[PDB]
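Residue numbers (this note's numbering), protein chains in the order written: chain A, 51 to 61; chain B, 20 to 42; chain C, 8 to 249.
Cβ atoms here follow ideal geometry from the backbone N, Cα and C, with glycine treated the same way.
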């Protein structure tokens, strides 16, 4: 959820 | 004493943007 | 923070950094809701899907925090947790619900011009304010755009009509999560980004002119898109648990 979106880690 | 900013409120300062908060 | 301005010395003696020891680094942000207590985002501490989990051990906490890089020498405070407290109905699986946690400092932090607490709502206070259109300042040294400030970042945002906040996303929101930030039409931007996370949502009470922590940086899929707002945590519903 956090970072992120628009379920993959940072970057 | 909480919520009480010792560099503003705590002795009458009002930060550059607080007043935008106010309206 | 997206579309923000640089903070001032004393302007938020309540902000602390979530700085792991190694990769000696900064992971999040927190608040001083005590002389010896600290609370912050949930995921910010336990996220399986992107394998994470810490312990007092892991990380160390920091206060007096104007510069994001430097070594705030004789104005900066710091200690490491004595125990972390996650909140038992947390949903890292679902939508990052009851995104909250607190950290009993192994040791007590004595205050000053730079380190000074925050208080939490009362249905009262939590009622005057928590209202559509009424803004809030959110700070942190997060992601200047969707690279990192040299110093603290402060934005101001209006609450949002609970409905409109629903069809911003597509994730199912709970009466526990609250969404801020200006509109498409409004013609003005802001947003707390990467690392803004675990940060406070302090709002100012016109009654006792006190500073009231209304929220916690939880989520958002983005960083200032003409169509969505960030989502924060009800410091309150959860005012029970706290």
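| Asked | Found |
| --- | --- |
| Please confirm whether residue 54 of chain C and residue 132 of chain C have their CB atoms less than 9 Å apart. | no |
| Where does residue 240 of chain C fall in DSSP's three states? | strand |
| If contacts are defined as beta-carbon pairs under 8 Å, then residue 23 of chain C and residue 80 of chain C qualify, I think. What distance do you get, rounded to the angstrom? | That belief does not hold up - the Cβ atoms of residue 23 of chain C and residue 80 of chain C are roughly 17 Å apart, past 8 Å. |
| Apart from the five residues just before and just after residue 226 of chain C, which ones in its own chain have a Cβ nearer than 6 Å to its Cβ? | 103, 238 |
| Counting only C-beta atoms, is residue 20 of chain C closer than 9 Å to chain B at any point? | yes |
| Three or more C-beta pairs under 8 Å: does that hold for the region 28-43 of chain C against the region 109-124 of chain C? | yes |
| Taking Cβ-Cβ distances shorter than 7 Å, what residues in chain B pair up with residue 102 of chain C? | Here the premise fails: no neighbours, minimum Cβ distance about 29 Å. |
| In the DSSP output, which residue or residues are listed as bridge partners for residue 185 of chain C? | C/239 |
| Taking 8 Å as the threshold, find out whether the region 22-40 of chain B comes into contact with the region 86-101 of chain C through three or more Cβ pairs. | no |
| For residue 16 of chain C, decide whether its Cβ has a neighbour in chain B, counting only Cβ atoms nearer than 9 Å. | yes |
| I'd like to know whether the C-beta of residue 143 of chain C is nearer than 9 Å to at least one C-beta of chain B. | yes |
| At what residues does the beta strand (DSSP E) containing residue 32 of chain C begin and finish? | 31-38 |
| Name the two residues that bound the continuous beta strand (DSSP E) containing residue 109 of chain C. | 108-112 |
| Tell me residue 165 of chain C's beta-bridge partners as DSSP assigns them. | C/142 |
| Can the beta-carbon of residue 146 of chain C be found closer than 9 Å to that of residue 161 of chain C? | yes |
| Might you give, ordered along the chain, the residues of its own chain that have their beta carbon closer than 7 Å to the beta carbon of residue 179 of chain C, omitting 5 neighbours on each side? | 102 |
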